[PDB]
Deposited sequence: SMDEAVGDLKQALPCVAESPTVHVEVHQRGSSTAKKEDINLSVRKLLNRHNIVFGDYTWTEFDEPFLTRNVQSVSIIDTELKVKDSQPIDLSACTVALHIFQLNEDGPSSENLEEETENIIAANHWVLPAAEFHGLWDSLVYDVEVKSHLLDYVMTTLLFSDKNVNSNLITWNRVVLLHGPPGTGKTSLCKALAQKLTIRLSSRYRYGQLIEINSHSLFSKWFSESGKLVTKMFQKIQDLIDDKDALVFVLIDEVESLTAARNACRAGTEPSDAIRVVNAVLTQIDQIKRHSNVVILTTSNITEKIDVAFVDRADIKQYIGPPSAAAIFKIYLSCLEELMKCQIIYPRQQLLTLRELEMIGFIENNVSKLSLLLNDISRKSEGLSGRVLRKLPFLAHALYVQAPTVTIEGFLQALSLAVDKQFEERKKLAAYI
């Protein structure tokens, strides 16, 4: 189908019925695009964004010791999903796998006949956004399952538990959130003796519940029925990442004035020929090629370094910015 994500304003107390009614009628007048300004006043009042990304998901964002807790969908994770860029379709695959995992628990499929369980292992080299993808994935499952779960919960356990009871108090609090069966509960552990044994025993207990999924990451438990390698970005991915940063700096008028930037597709479409818009993306494509082997984490830090080291003013040109970024990629390599 087509998926339409409807961000309702924090302040709004309008019912989803009306948001739903009104947003379908908006889509009749316009037989993937994001809307931020609307003709109908009810929309401008109640709705921050409609986003083709026909099923509607309407959500509001929400704003324990040795764990971070978030009610999903969380303000902190808004845009996290779109921010993460992989060579292959890992994101759409993970979403599909965890969603059939949850259909199968719902309908109580015997896991002895068809193998499935509610634990996910993202593994691979560091700087890859494995933890951000676990968060991004929790957010998106929560948004897409509003018709089954009223809200979600995320508990990120700190494997800074190798320090000097505690564990029984944490999992008791976690159990209290699990008891609410309107809530899809995610428990996130990054990989790393009687204490370790106690958390592993506690995971085994909570992993029994229908509404619990265990997200795990490894820079390398052991029985997760969905394992997924997440590797570093290629030139194409690096181009998308950099382009999301330049667009964000033109949104915020740090890069002034707005110039149009072409995507790698859009410049394949015109056979890479140089005009006065397309030359800025031809330069990005060179900067991308000379960035390959850097992690997503370094890539999303580079536009900050570029600005701090090589751009004085509150504003700078797209031509000015790409010069600084180019310089920033060189400093990154000349240090390592």
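Undergrad: Can you list the gaps, in order, where the deposited sequence has no modelled residues?
TA: No coordinates exist for the deposited residues in 1-20, 52-55, 78-95, 106-119, 221-227, 256-274, 303-310, 427-433, so these stretches are absent from the model.
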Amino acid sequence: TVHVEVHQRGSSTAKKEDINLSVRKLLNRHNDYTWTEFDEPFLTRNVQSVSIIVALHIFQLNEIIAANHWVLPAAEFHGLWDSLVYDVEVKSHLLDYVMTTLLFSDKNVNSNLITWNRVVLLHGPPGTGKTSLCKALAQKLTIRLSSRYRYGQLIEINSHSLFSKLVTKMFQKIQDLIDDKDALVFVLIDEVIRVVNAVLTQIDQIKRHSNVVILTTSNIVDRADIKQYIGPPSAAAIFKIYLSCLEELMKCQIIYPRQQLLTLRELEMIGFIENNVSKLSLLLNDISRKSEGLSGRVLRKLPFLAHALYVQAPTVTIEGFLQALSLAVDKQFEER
From here on, numbers count along this sequence of modelled residues.
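Undergrad: Using only C-alpha atoms and the B-factors in the entry, which stretch averages higher, 86-94 or 131-139?
TA: Looking at the record's C-alpha B-factors, the answer is 86-94.
Undergrad: Should the higher mean CA B-factor in the entry be assigned to 282-290 or to 263-271?
TA: According to the entry, 263-271 carries the higher average C-alpha B-factor.
Undergrad: Among the candidates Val167, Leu243, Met250, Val185, give the one with the maximum CA B-factor reported in the record.
TA: If I rank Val167, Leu243, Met250, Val185 by C-alpha B-factor, first place goes to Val167.
Undergrad: Whose CA atom has the top B-factor in the entry, of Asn68, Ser295, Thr34, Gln60?
TA: So the option with the highest C-alpha B-factor is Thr34.
Undergrad: Of the three thirds of its chain by CA temperature factor, lowest, middle or highest, which one includes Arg300?
TA: Lowest third, going by the recorded CA B-factors of the chain.
Undergrad: Hey, what third does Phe104 fall into on Cα B-factor, ranked over its chain?
TA: Lowest third of the chain for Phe104's C-alpha B-factor.
Undergrad: If you rank every modelled residue in this chain by C-alpha B factor, which third holds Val212: lowest, middle or highest?
TA: Lowest third of the chain for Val212's C-alpha B-factor.
Undergrad: Can you tell me whether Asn112 has a C-alpha B-factor in the lowest, middle or highest third compared with the other modelled residues of the same chain?
TA: Lowest third of the chain for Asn112's C-alpha B-factor.
Undergrad: Within this chain, which third does the Cα B-factor at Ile255 fall in: lowest, middle or highest?
TA: Answer is middle: the recorded C-alpha B-factor places it there.
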